[PDB]
Amino acid sequence: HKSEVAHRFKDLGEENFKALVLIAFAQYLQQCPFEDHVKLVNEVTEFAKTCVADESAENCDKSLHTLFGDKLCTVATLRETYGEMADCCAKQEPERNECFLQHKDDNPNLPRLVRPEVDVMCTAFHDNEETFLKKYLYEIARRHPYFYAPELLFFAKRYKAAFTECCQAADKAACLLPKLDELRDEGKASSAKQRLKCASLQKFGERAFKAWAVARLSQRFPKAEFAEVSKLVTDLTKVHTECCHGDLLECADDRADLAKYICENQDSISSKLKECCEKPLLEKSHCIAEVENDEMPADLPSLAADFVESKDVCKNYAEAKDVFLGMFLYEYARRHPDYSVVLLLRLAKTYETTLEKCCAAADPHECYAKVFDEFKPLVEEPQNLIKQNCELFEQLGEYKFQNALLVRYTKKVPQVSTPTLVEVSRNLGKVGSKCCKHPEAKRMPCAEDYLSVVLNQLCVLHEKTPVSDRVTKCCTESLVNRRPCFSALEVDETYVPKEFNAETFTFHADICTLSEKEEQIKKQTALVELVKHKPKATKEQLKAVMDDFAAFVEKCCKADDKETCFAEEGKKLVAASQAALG
Ligand SMILES: CCCC1C(=O)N2C(N(C)C)=Nc3ccc(C)cc3N2C1=O
Ligand SMILES: CCCC1C(=O)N2C(N(C)C)=Nc3ccc(C)cc3N2C1=O
Ligand SMILES: CCCCCCCCCCCCCC(=O)O
């Protein structure tokens, strides 16, 4: 109505409002201490209540951006702490706001957040729950300036549930830690995806984004009309554009609008939206974004009717290429919730290439008549990888599967650093343990989603520390040829064995007191190193060596006077192994 703040306050509720204002300020004033942020929040909340009480009270008519900017420009240390940014206060809206986004550091030099001992966490939680959770929101928000504030709040609440549930438990640690580790993972995954989507829109452009969207939305809402999907793809692209620019308000209003639109037209979009559409304003978007795929229409024609057999294919195509290709994708995707999005893009691209040639050929219909046959090998490549890799994972376990990946990628890109190879391999191993659990129907989408982030993170590191032209080739390839380009990597013939280093292969009894995760990482680091030294070793030779090693440990650890055993037997092992691998 007349007062924007009061409106949001009433819509949101005091609790969420305060949470959001806190996240907002922390995302910009990433450097100010916690105590300072709490004060601003109180002041803004006070102001808010004033406007709710009397919508005509002073300033209550000012816009959110203006109000937000004015308070921001209140920090006296502004110039001394952010310098350049303070200059923004001299500008006027909307340049002031714009000037602020331009100075929001996407990655500050803040210290890593250390997880305290479970007992101190629980105690702090019980003694001052309110500030325990706000501190949490503060620390996270300031480290992820672009994380969509509301998603952040969603994470906060699960964070609180974990403490409520686990601090009462008989065995707090066994209950809390795992929930915390999972939260961190999901949080980092979610954050990495948001950045990934924004980066994509930048490099690859809008068209490619809309394409990605048509496909994903079609698998989700297979009953919706193409017209509806187009409309959505359009608004969703605007949303991400604004959300990527960093402006929280616009981002939020766009998402709110999209969600209501969807909920009002839900009976013609998807049946699986009842649940999501009842939830509170703050959770609609979140819910809808993760809503389960709907059941697909029962009486659905063969694509080849409208896209191969038809006589007016080139006519309909020439008439509006993108649109036609859009309908193709839409048709292909809603019949395949089991394909990864990028696979659907590959087919679409293939179809496009074909139409581009064939529509300028003698008899078009004869040129593009067998195009669908060109899809089969494209669809099959990713399918067999899943099958082959998931079976291997069912046999060996996550850990031994991770060891297999280690041997496999170290041989492919020996140049990469050992610690990097270890991390990426463990993560890939995780993708296997979380996706192979599902039935074929959902394996590909699962892998696609996790692999996209793992691969991008891979590219980022490497981008900073280049080591191989091949990796950079794949990393700068189309985000549709990316995974395939990495799958096509072959053993490196050139790589010359690393000079033997005795130190690298000597172990002390400390490895026994080490924690599993610690032990594994130590063993795996030796593994990569072994492979870098003897890149021609075969699975059998390696297998054999690892076995001896297995014993070696179990033998030394769990045996009177361990230190000695690791220096005596260790000498033997290392010597024998070298001869074995000549
Ligand atoms: C190095 C990562 C440490 C780290 C961590 O444990 N976090 C956490 N906790 C405490 C559950 N929750 C998060 C949720 C989302 C994001 C984006 C980040 C975190 N957060 C971290 O940054
Ligand atoms: C893969 C899920 C398809 C998908 C979907 O339904 N989305 C949606 N709505 C409300 C349509 N809003 C978004 C808001 C935030 C994020 C991060 C993602 C989406 N968006 C999607 O990407
Ligand atoms: C709303 C209609 C837009 C859909 C456009 C269809 C484009 C499909 C081609 C695949 C795009 C991948 C980009 C590329 O690598 O060339």
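- Regarding how it was determined, this PDB entry cites X-ray crystallography in its header, along with a resolution of 2.50 Å.

- Labelled according to the PDB entry, the chain appears under the name SERUM ALBUMIN, originating from Homo sapiens.
- The record deposited in the PDB is entitled "Human serum albumin complexed with myristate and azapropazone".
- The Subunit (literature references left out) comment attached to the chain in UniProt states, word for word, "Interacts with FCGRT; this interaction regulates ALB homeostasis. Interacts with TASOR (By similarity). In plasma, occurs in a covalently-linked complex with chromophore-bound alpha-1-microglobulin with molar ratio 1:2 and 1:1; this interaction does not prevent fatty acid binding to ALB."
- The UniProt entry for the chain carries the following text under Subcellular location: "Secreted".

### As for unusual backbone geometry
Point 1. Of the consecutive residues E93 and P94, the connecting peptide bond is found in the cis state with omega at 0 degrees.
Point 2. Checked against the element boundaries, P94 lands in the loop between α5 (78-82) and α6 (95-101).
Point 3. Its identity is not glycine, yet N59 carries a phi of approximately 65 degrees, on the positive side.
Point 4. For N59, the position within the fold is in the loop between α3 (34-53) and α4 (64-72).
Point 5. Here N59 falls in the partly exposed class, since its relative accessible area comes to 26%.

### Details of the side chain of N389
Point 1. Tracing the backbone shows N389 in helix α21 (residues 372-395).
Point 2. Overall, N389 belongs to the buried group, its relative accessible area being 17%.
Point 3. Leave out the neighbours within four places in its chain, and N389 touches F401, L405 and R408.

### Quick word on the environment of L258
Point 1. Counting through the fold element by element, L258 comes out in helix α13 (residues 248-264).
Point 2. Since its relative accessible area comes to 14%, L258 is described here as buried.
Point 3. Between the alpha carbons of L258 and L232 there is a distance of 8.0 Å; along the sequence they are 26 residues apart.
Point 4. Aside from chain neighbours lying at most four places away, what touches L258 is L232, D235, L236 and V239.

### Some words on helix α2 (residues 14-28)
Point 1. In this model α2 runs 22 Å from its N-terminal to its C-terminal C-alpha over 15 residues, within 8% of the 21 Å that 1.5 Å per residue would give.
Point 2. A large share of α2 lies buried, amounting to 13 of its 15 residues.

### Some thoughts on the site of ligand 3
Point 1. Taken together, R207, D322, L325 and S478 are the residues near ligand 3.
Point 2. Look at ligand 3: alone it shows 490 Å² of surface, and the protein chains cover 80% of it.
Point 3. Residues belonging to the shell around ligand 3 are distributed by class as follows: 1 nonpolar, 1 polar and 2 charged.

### Structural notes on the environment of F163
Point 1. Mapped onto the elements, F163 comes out in helix α9 (residues 149-166).
Point 2. As a C-alpha pair, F163 and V574 span 411 residues in sequence and 48 Å in three-dimensional space.
Point 3. Sequence-distant contacts of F163, that is, excluding residues within four places in its chain, are made with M121, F125, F132, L176 and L180.

### Examining the UniProt feature "binding site: (4Z,15Z)-bilirubin IXalpha" in the chain
Point 1. Per the UniProt entry, the sites bearing "binding site: (4Z,15Z)-bilirubin IXalpha" are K238 in this numbering.
Point 2. Topologically, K238 is positioned in helix α12 (residues 226-245).
Point 3. In this structure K238 comes out as partly exposed when scored by relative accessible area, which is 46%.

### As for the domain arrangement of the chain
Point 1. Looking at the assigned domains, one finds that the chain contains domain 1 (1-105), domain 2 (106-195), domain 3 (203-294), domain 4 (295-380), domain 5 (381-492) and domain 6 (493-567).
Point 2. Taken over C-alpha atoms, the centre of domain 1 sits 44 Å from the centre of domain 5.

### Examining the site of ligand 1
Point 1. Neighbouring ligand 1 are the residues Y136, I140, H144, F147, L180, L183, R184, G187, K188 and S191.
Point 2. A distance of 3.0 Å is found between a nitrogen atom of ligand 1 and a side-chain nitrogen or oxygen belonging to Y136.
Point 3. For ligand 1, whose accessible area on its own is 490 Å², the fraction buried by protein is 80%.
Point 4. Only α8 (129-143) and α10 (172-203) provide two or more residues apiece to the shell around ligand 1.
Point 5. Take the shell around ligand 1: its biggest share by element is 6 residues, from α10.

### Quick look at the packing of α10 against helix α24 (residues 440-464)
Point 1. Close contact between α10 and α24 brings their axes to 10 Å; oriented N to C, the two are set at 75 degrees. The angle between α10 and α24 falls in the class roughly perpendicular. Contact residues: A192, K193 and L196 in α10; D449, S452, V453 and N456 in α24.

### Things to note about the state of the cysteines
Point 1. All told, the structure shown has 17 disulfides when counted by the stated rule.
Point 2. Residue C166 pairs covalently with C175 via a disulfide, S to S 2.0 Å. The sign of the -80 degrees torsion about the S-S bond sets the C166-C175 disulfide as left-handed. For the pair shown, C166 and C175 are each scored as buried.
Point 3. Between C32, a free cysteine, and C89, which holds the nearest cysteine sulfur, the sulfur-to-sulfur gap is 12 Å.

### A few points about the packing of α2 against α3
Point 1. Contact pair α2 / α3: the axes reach a minimum separation of 9 Å and the direction vectors enclose 135 degrees. Our classification of the angle between α2 and α3 gives oblique. In the packing of α2 onto α3, the handedness of the crossing is right-handed. In this structure, α2 uses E14, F17, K18, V21, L22, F25 and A26 to contact α3, whose residues at the interface are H37, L40, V41, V44, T45, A48 and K49.

What counts and what doesn't
- Residues numbered from 1 in each chain as written, not as in the entry; some residues may be left out.
- Chains lettered and ligands numbered in written order.
- Heavy atoms only, no water.
- Residues with missing side-chain atoms left out of burial classes, pairs and counts.
- UniProt positions renumbered as here; feature names shortened; annotations may be inferred.
- Helix = DSSP H or I, 4+ residues; strand = E, 2+ residues; numbered from the N terminus.
- Buried < 20%, exposed > 50% of the residue type's maximum accessible area, 1.4 Å probe, protein only.
- Contact = heavy atoms within 4.5 Å.
- Expected span 1.5 Å × (residues − 1).
- Near = heavy atom within 4 Å.
- Areas by Shrake-Rupley, 256 points an atom, 1.4 Å probe, with all protein chains shown as cover.
- Nonpolar A, V, L, I, M, F, W, Y, C, P; charged D, E, K, R; others polar.
- Domains from an automatic or database assignment.
- Polar contact = N/O pair within 3.5 Å; in protein donor to acceptor, adjacent residues only side chain to side chain.
- Axes fitted to C-alpha atoms, helices over the stretch in contact; angles between N-to-C directions.
- Parallel < 35°, antiparallel > 145°, perpendicular 65-115°, else oblique.
- Disulfide = S-S within 2.5 Å.
- Left-handed = near helix turned anticlockwise from the far one by under 90°.

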